[PDB]
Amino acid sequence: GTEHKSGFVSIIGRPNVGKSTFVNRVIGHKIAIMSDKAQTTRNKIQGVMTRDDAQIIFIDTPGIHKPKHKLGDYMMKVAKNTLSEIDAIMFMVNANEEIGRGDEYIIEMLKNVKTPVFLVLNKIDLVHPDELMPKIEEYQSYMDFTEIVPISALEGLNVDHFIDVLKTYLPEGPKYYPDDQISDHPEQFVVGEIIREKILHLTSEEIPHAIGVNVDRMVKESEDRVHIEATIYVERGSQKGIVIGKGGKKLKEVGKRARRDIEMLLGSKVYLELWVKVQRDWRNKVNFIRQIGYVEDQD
């Protein structure tokens, strides 16, 4: 059934295990704006895999392979949060090497994580087929995994099957990054769709319910802190009370919930400003926008 899936996955593992090889294989042609414009939030979008039936956004976690003295108290909190918000974890491991401390350090960080962890044995091309099941068993002694999938990221052996399996674990969801619009960085579409989801929870309906979200600005204030301006657009000012509510109470709750989901996923602390505006037809028209709503969220 023809029902579109989308989500956030993080590819974790020690250096030289194949993470960028995998990313660059599956994502296809690299998005141009991602190397013009730097991303304001912390947790870097690696790229966008779009098939007809699904879209996956690859997010960087912090270096959970690192020992605790190198990745501090704060960047652990960011890493554990990001791993919860994410839809799936790709734990990528070298088939051709013995288990080092870096993989034990990752296993420690995945202990009280409830997100699906996929064990991806990479570099199976450097190894006899009968070597895979013993190595799988080495890792299974440490923890349970959701699926175990041997690949070669370089050759492409078993990659498409891995993606088919990975897609089954995604929720139903929007195409975050579209084909029409090359101009803005995909982080803006991630924030835009998060805001929109919080609005559509309130609607919760099959009254025909048209609402839009624009993100007017995203600005890095610090390595932790980002300022988002966004305008929610509605038809009909009587949509106050779906969206603004009794003295702004409903718009605060949207602002609070969207701020949290942006902080947890993308790893930067936010100062969110939301506007709510009514848009009538604009083509050859004067005074088609009336504001009905403003909120401010932080700390």
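Residue positions are given as counts along the sequence shown, with the first one as 1.
- Comparing 201-209 with 215-223, the stretch with the higher mean C-alpha B-factor in the PDB entry is 201-209.
- Per the deposited record, the Cα B-factor of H69 falls in the middle third when ranked against the other modelled residues of its chain.
- Per-chain ranking of the deposited C-alpha B factor places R260 in the middle third.
- Split the chain's modelled residues into thirds by C-alpha temperature factor. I33 is in the highest one.
- Sort the chain's modelled residues by C-alpha temperature factor and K249 lands in the highest third, per the entry.
- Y176: CA B factor lies in the lowest third for its chain, per the PDB record.
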